[PDB]
Amino acid sequence: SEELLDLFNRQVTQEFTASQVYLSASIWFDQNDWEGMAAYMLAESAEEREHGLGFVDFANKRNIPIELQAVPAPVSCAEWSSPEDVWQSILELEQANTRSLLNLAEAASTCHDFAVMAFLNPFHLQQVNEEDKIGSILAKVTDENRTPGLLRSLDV
Amino acid sequence: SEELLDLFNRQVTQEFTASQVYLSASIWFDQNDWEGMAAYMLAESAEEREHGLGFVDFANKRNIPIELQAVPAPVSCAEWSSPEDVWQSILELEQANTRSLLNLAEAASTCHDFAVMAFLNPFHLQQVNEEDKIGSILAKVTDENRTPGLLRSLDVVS
Amino acid sequence: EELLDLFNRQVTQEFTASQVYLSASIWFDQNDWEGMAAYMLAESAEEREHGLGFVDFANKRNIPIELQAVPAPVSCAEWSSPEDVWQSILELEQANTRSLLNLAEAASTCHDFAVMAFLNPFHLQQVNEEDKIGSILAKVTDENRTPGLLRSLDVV
Amino acid sequence: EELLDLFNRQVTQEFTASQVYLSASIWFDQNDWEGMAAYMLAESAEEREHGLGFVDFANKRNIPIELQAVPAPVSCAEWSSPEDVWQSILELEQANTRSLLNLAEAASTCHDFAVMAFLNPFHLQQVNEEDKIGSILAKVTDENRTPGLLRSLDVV
Amino acid sequence: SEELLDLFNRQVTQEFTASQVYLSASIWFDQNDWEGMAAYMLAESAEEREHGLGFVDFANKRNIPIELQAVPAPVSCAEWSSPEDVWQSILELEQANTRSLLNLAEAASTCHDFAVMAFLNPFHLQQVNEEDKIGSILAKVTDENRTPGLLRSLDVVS
Amino acid sequence: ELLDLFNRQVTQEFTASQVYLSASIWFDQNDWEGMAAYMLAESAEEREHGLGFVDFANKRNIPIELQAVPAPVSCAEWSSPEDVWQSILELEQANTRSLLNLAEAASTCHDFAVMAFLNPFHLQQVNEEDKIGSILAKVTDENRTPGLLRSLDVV
Ligand SMILES: [Fe+3]
Ligand SMILES: [Fe+3]
Ligand SMILES: [Fe+3]
Ligand SMILES: [Fe+3]
Ligand SMILES: [Fe+3]
Ligand SMILES: [Fe+3]
């Protein structure tokens, strides 16, 4: 179950990585005068970090040794040119978050780690909601952005 | 101009670095059953991150380009043996945080960037308070750790 | 001295800005942009309040104030769409930031610590103000690309 | 059009009176009459609200407004006691009354019944204003016959 | 640097000194039956002392060694013979209080001590208000004392 | 002289106020924030007593000449909280002696109003000496085990 301790560490790292990527997206939104979209990303940034803290807290309680990895620089921001690009990368991030949680659940299942499985249950359910929501926002952005100016309306 | 813009950008990295080292301390304290000290380190971790977000927000408004950098793996944790070690690393962290702010203020000064200097003032004053507070806690920790079990007795209280 | 002269000029620049905001509110009102008009009117009162704050401080610090003419606004003659108005307003705020920086430079030269402390919150407020007008202008320029679309968001 | 011209001259007069009242507050403040300074300051704000009321009316009624320069108040350079200040203020109010009566006369000639209705409460207000200033000026010139006594009454 | 540290110490002494000078002014007013003026001075004395305490507390946080000096006796009371003399000495005390702070800021500036500069900003602004308020009371006093007994109205009011 | 001693009681109160302030400074610089807050509160209170004496002297036409308030000097030689508390006990004993000498001079002059004014200060000095005495005893007891006194500064 090195594989398990490992994946559990990778999950913590994925949560903080995703928090930074959300922060990068709020920065791009802000810089380009989409304050509504920026507020939304900033709030998701804080939430991803809360998920990381929740995994750490659980690992401490269960004596899963956690060691903090570097949180890499978000990369996609240098390539974003419009809100559509940003929301697409955020959907890909969320798909990565889902995979990372499934990888861990798979390893827990193999080890018969029932406590880890019970712990992950609300995060599986949260990811379903998260993916659906981002996917749904991206569809609106992509439909609205077909008329010059109209997406500025969505920005609330 | 280059210097100021780079340093401002780097100040955000230093805020998030400090956030992660606070978090690593919390995990050490937790793993070693110092839950009072862990909760304190945890709250400081949130607070450092809020400072880095205030620098980001100001940079956005002032058109200072921000490029978010890697937040490095905290390293002091592999070598911590006792609460005193962790608090001493936290003191060094705050002293570093103060130095990075004074450097930034030094560049803002050279550049005559009055806005950045105004923005920095409450951070300077906050750093004075933070160093004092951590210095004080370390002195308390080092004094109580002289009698076996006594320091534990304070984690439980305050 | 040079510091007295500039302190006076800042007063004049605040009252000039207050009138330029009023001129913008009139153009928007006459062209049926009531929400943009209400916004300019609000800014006009607030520039005047800054003017009064400088005067109050100068009287306390024995800096003599000579009230200058507030010149007739002249951009309204060229405005023909909301984008032209907002562009003139961003240039007004850039000039406000400049008048304030010149005053700060002279206070710094004379080592006038109390003047510098007084200007700090105005420094920070000018950051917010430039950002905010820049952002509305970017939004206006984007929405204006579809006929009627700007109008529908003046109703907001 | 006499009417349009005069309606514009009325706005300028309101904003001019606002600036003159401000000049008077400065003189009072500089000379440590904080009670009188606060009174002149409140009156400065009210005069500007009147000018805003005429501008708003003018916009609704399609009276084109071009905002003219607000001249530097210059009386301040020769004021040397509160009596001089209050006397200039009375003179300012008598000029406010004349411009309003001039405007009403042109409205009347043009049979402009909407303008006439709009002017009624300003005619009544000017009545109250001249009475009030004339009455303060009588108190000030009576109390100033005893050294220090006027001061004792700036404790408003 | 020694000079900043020394001026910081002298700033504390200047605040306590002004506190005692205000107290001397309330005593003279009270002895001569100007209880309104006496209450004003007494409020100002507690306030100056609060300033000295704020300076002490900042110095402690920032490890600026403080050594309390003697608070010298007020000297001007022996020569006051009317409220005008008192308010005039009080305006002079506040002019010195402002010079004293300006000197300290100049030394902080030379040293690039941005934390000290940030800490002094509200004291620079408070001195502006204090010198204007005292200057205006002095003007009112010297005007009203032109008519025998009239000044005795200022008092039995403010 | 009653008048001379009355004037000197003012100086003693403000002297005590400053020594208490010197003691908060030492505790604060040495990270005893609990003891520092207590000293600071006692500093304010000693100054209030001095103000009460001045106010009574003004009412009773006792001329008040404010004297120099001397520099506290025990701070030079404090190296533990026990030293600081020992100096404060001596300060309060001094405060008590100067009130008794003032009372003695009032008694000799049959100054009944001064004696009546002093009564609550005599009772307050009894409480003060007891409380400081009692703190010094707790401090000297707890300081026999390394770090233990620190643990109770948090109180
Ligand atoms: Fe997550
Ligand atoms: Fe920080
Ligand atoms: Fe402004
Ligand atoms: Fe009017
Ligand atoms: Fe002060
Ligand atoms: Fe006492």
# chains A, B, ... in the order shown; residues from 1 in each chain; ligands from 1

$ residues_around --residues "residue 81 (chain C)" --least-positions-apart "2" --cutoff "10 Å" --atoms "only C-alpha atoms" --output "ChimeraX atom specification"
/C:27-28,31,78-79,83-86,144

$ write_last_selection --atoms "N, CA, C and O atoms" --output "PDB file, in the first residue's frame"
ATOM      1  N   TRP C  27     -24.475  65.091 -21.211  1.00  0.00           N
ATOM      2  CA  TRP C  27     -24.492  64.406 -22.545  1.00  0.00           C
ATOM      3  C   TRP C  27     -25.273  63.062 -22.452  1.00  0.00           C
ATOM      4  O   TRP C  27     -26.124  62.764 -23.278  1.00  0.00           O
ATOM      5  N   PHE C  28     -24.981  62.248 -21.442  1.00  0.00           N
ATOM      6  CA  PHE C  28     -25.713  60.967 -21.348  1.00  0.00           C
ATOM      7  C   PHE C  28     -27.218  61.211 -21.163  1.00  0.00           C
ATOM      8  O   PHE C  28     -28.026  60.597 -21.847  1.00  0.00           O
ATOM      9  N   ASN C  31     -28.974  62.206 -24.272  1.00  0.00           N
ATOM     10  CA  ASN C  31     -29.021  61.133 -25.247  1.00  0.00           C
ATOM     11  C   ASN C  31     -29.673  59.883 -24.683  1.00  0.00           C
ATOM     12  O   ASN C  31     -29.544  58.815 -25.240  1.00  0.00           O
ATOM     13  N   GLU C  78     -17.326  67.207 -28.784  1.00  0.00           N
ATOM     14  CA  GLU C  78     -16.905  66.176 -29.715  1.00  0.00           C
ATOM     15  C   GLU C  78     -17.610  64.846 -29.475  1.00  0.00           C
ATOM     16  O   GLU C  78     -17.566  63.990 -30.332  1.00  0.00           O
ATOM     17  N   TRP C  79     -18.194  64.636 -28.300  1.00  0.00           N
ATOM     18  CA  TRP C  79     -18.774  63.325 -27.992  1.00  0.00           C
ATOM     19  C   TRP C  79     -19.865  62.934 -28.942  1.00  0.00           C
ATOM     20  O   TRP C  79     -20.833  63.679 -29.128  1.00  0.00           O
ATOM     21  N   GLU C  83     -18.955  55.556 -26.038  1.00  0.00           N
ATOM     22  CA  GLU C  83     -17.545  55.219 -25.977  1.00  0.00           C
ATOM     23  C   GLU C  83     -16.628  56.485 -25.913  1.00  0.00           C
ATOM     24  O   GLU C  83     -15.598  56.458 -25.240  1.00  0.00           O
ATOM     25  N   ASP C  84     -16.991  57.553 -26.623  1.00  0.00           N
ATOM     26  CA  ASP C  84     -16.162  58.796 -26.673  1.00  0.00           C
ATOM     27  C   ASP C  84     -16.226  59.427 -25.278  1.00  0.00           C
ATOM     28  O   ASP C  84     -15.234  59.976 -24.760  1.00  0.00           O
ATOM     29  N   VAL C  85     -17.417  59.418 -24.690  1.00  0.00           N
ATOM     30  CA  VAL C  85     -17.533  60.014 -23.329  1.00  0.00           C
ATOM     31  C   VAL C  85     -16.632  59.263 -22.364  1.00  0.00           C
ATOM     32  O   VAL C  85     -15.825  59.856 -21.625  1.00  0.00           O
ATOM     33  N   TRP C  86     -16.774  57.945 -22.316  1.00  0.00           N
ATOM     34  CA  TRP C  86     -15.961  57.149 -21.339  1.00  0.00           C
ATOM     35  C   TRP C  86     -14.471  57.270 -21.609  1.00  0.00           C
ATOM     36  O   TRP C  86     -13.652  57.226 -20.666  1.00  0.00           O
ATOM     37  N   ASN C 144     -20.852  47.662 -27.453  1.00  0.00           N
ATOM     38  CA  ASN C 144     -21.143  48.568 -28.556  1.00  0.00           C
ATOM     39  C   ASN C 144     -20.912  47.917 -29.917  1.00  0.00           C
ATOM     40  O   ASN C 144     -21.277  48.470 -30.921  1.00  0.00           O
TER      41      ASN C 144
END

$ residues_near_ligand --ligand "ligand 6" --cutoff "6 Å" --atoms "only C-alpha atoms and all ligand atoms" --output "tab-separated table (two decimals) with C-alpha atoms, in the first residue's frame"
chain	number	residue	atom	x	y	z
F	13	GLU	CA	2.23	59.07	42.81
F	46	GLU	CA	-1.07	55.62	40.22
F	49	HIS	CA	-4.21	58.98	42.39

$ residues_around --residues "residue 75 (chain F)" --least-positions-apart "5" --cutoff "8 Å" --atoms "only C-alpha atoms" --output "PyMOL selection string"
chain F and resi 22-23+26+84

$ write_last_selection --atoms "N, CA, C and O atoms" --output "PDB file, in the first residue's frame"
ATOM      1  N   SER F  22       7.931  51.387  33.786  1.00  0.00           N
ATOM      2  CA  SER F  22       9.257  50.769  33.539  1.00  0.00           C
ATOM      3  C   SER F  22       9.163  49.254  33.685  1.00  0.00           C
ATOM      4  O   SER F  22       9.756  48.482  32.898  1.00  0.00           O
ATOM      5  N   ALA F  23       8.390  48.825  34.688  1.00  0.00           N
ATOM      6  CA  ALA F  23       8.163  47.410  34.891  1.00  0.00           C
ATOM      7  C   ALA F  23       7.357  46.783  33.728  1.00  0.00           C
ATOM      8  O   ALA F  23       7.757  45.703  33.250  1.00  0.00           O
ATOM      9  N   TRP F  26       9.886  46.310  30.850  1.00  0.00           N
ATOM     10  CA  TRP F  26      10.766  45.146  31.074  1.00  0.00           C
ATOM     11  C   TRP F  26      10.017  43.841  30.807  1.00  0.00           C
ATOM     12  O   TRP F  26      10.543  42.929  30.181  1.00  0.00           O
ATOM     13  N   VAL F  84      11.623  42.180  39.504  1.00  0.00           N
ATOM     14  CA  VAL F  84      10.703  43.296  39.143  1.00  0.00           C
ATOM     15  C   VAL F  84       9.637  43.413  40.222  1.00  0.00           C
ATOM     16  O   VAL F  84       9.374  44.531  40.755  1.00  0.00           O
TER      17      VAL F  84
END

$ closest_atom_pairs --of "chain B" --to "chain E" --cutoff "7 Å" --atoms "only C-alpha atoms" --output "tab-separated table"
residue	atom	partner	partner_atom	distance
B:121	CA	E:118	CA	5.3
B:124	CA	E:115	CA	5.1
B:125	CA	E:115	CA	5.8
B:128	CA	E:62	CA	6.0
B:129	CA	E:61	CA	6.4
B:132	CA	E:61	CA	5.1

$ residues_around --residues "residue 111 (chain E)" --least-positions-apart "5" --cutoff "10 Å" --atoms "only C-alpha atoms" --output "number ranges by chain"
E: 1, 3-4, 105-106, 116

$ residues_near_ligand --ligand "ligand 3" --cutoff "6 Å" --atoms "only C-alpha atoms and all ligand atoms" --output "number ranges by chain"
C: 14, 47, 50

$ interface_residues --of "chain F" --to "chain B" --cutoff "9 Å" --atoms "only C-alpha atoms" --output "PyMOL selection string"
chain F and resi 30-33+145-151+154

$ residues_near_ligand --ligand "ligand 1" --cutoff "7 Å" --atoms "only C-alpha atoms and all ligand atoms" --output "PyMOL selection string"
chain A and resi 15+48+51+97

$ write_last_selection --atoms "N, CA, C and O atoms" --output "PDB file, in the first residue's frame"
ATOM      1  N   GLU A  15      -5.241  18.919  -5.355  1.00  0.00           N
ATOM      2  CA  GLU A  15      -6.137  19.943  -4.795  1.00  0.00           C
ATOM      3  C   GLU A  15      -5.464  21.315  -4.814  1.00  0.00           C
ATOM      4  O   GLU A  15      -6.048  22.284  -5.303  1.00  0.00           O
ATOM      5  N   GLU A  48     -10.992  24.747  -3.543  1.00  0.00           N
ATOM      6  CA  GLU A  48     -10.033  23.670  -3.826  1.00  0.00           C
ATOM      7  C   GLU A  48      -9.015  23.524  -2.682  1.00  0.00           C
ATOM      8  O   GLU A  48      -8.666  22.419  -2.264  1.00  0.00           O
ATOM      9  N   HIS A  51     -10.569  21.689   0.151  1.00  0.00           N
ATOM     10  CA  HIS A  51     -10.479  20.209  -0.107  1.00  0.00           C
ATOM     11  C   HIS A  51      -9.109  19.630   0.247  1.00  0.00           C
ATOM     12  O   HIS A  51      -9.038  18.600   0.905  1.00  0.00           O
ATOM     13  N   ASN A  97      -9.186  16.525 -11.884  1.00  0.00           N
ATOM     14  CA  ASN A  97      -9.491  16.369 -10.450  1.00  0.00           C
ATOM     15  C   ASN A  97     -10.295  15.068 -10.269  1.00  0.00           C
ATOM     16  O   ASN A  97     -10.006  14.256  -9.385  1.00  0.00           O
TER      17      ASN A  97
END

$ closest_atom_pairs --of "chain B" --to "ligand 2" --cutoff "6 Å" --atoms "only C-alpha atoms and all ligand atoms" --output "tab-separated table"
residue	atom	partner	partner_atom_place_in_ligand_line	distance
B:15	CA	ligand 2	1 (Fe)	5.1
B:48	CA	ligand 2	1 (Fe)	4.6
B:51	CA	ligand 2	1 (Fe)	5.4
